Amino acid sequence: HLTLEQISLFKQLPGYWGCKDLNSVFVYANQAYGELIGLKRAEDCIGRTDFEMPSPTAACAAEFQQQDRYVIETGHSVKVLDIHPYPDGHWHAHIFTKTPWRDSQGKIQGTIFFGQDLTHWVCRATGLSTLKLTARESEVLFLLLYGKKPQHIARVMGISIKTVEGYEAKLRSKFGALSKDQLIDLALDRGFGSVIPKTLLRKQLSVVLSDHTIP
């Protein structure tokens, strides 16, 4: 049994978090998440789905559920880049971690979500050492660097697949790469993975980002 002292940690652990059941119906949300999502008491999340929150995030409720079902059917954990206008009238950006929620004998009974606010050197063989992209180009590049395929990028940005190939070709040539693989390596070796394009921060989207341990 937990002391009240330890329960205050439960109440004050920073971030935007909670859990849903197998139908992605909310079971708990901490106060920070409830306020974010437009509610004065986070208890009003319980029993509702992502479609039913008074918040523009509900326009991506179908993406949230597909994410949730992936964690549930596979047991893998995912990292989601979430960028949305919110009931407070501001755009926010988060990485939401999603992991399976397990019961007392270990079986998956839902998902846990945990969100955090998102607030010219070259790599050499050993060490480091020492081109102007379009808004559209830098958006396509950022998504390609995190493992997203062209049909993924077409959906996120709301353009045709052929158009993503258009921007991919410019990038490949702007970096002087002879293939998409070389484009990725060259861009990574120049710090392109560590910056979110500022125009991407005003495009509503929910996309899983490929994630790897370092090293």
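In this text, residue numbers run from 1 along the sequence as written.
Gap between residue 105 and residue 106: none; every deposited residue in this span has coordinates.
According to the entry, the stretch of the deposited sequence that connects residue 74 to residue 75 contains no residue lacking coordinates, so the chain runs unbroken between them.
Look at the C-alpha B-factors of 192 to 200 and of 17 to 25. On average they run higher in 192 to 200. Averaged over CA atoms, B-factors in the entry run higher in 133 to 141 than in the other of 133 to 141 and 95 to 103.
Comparing the C-alpha B-factors of 112, 122, 80, 83 in the entry, the top value falls on 122. If you compare the C-alpha temperature factors of 31, 49, 179, 66 in the entry, 179 comes out highest.
Annotation for residue 186: C-alpha temperature factor in the highest third relative to the rest of the modelled chain, per the entry. When the CA B factors of the chain's modelled residues are split into thirds, the value for residue 3 lands in the middle one.
Sort the chain's modelled residues by C-alpha temperature factor and residue 156 lands in the highest third, per the entry. For residue 147, the recorded CA temperature factor ranks within the middle third of the chain's modelled residues.
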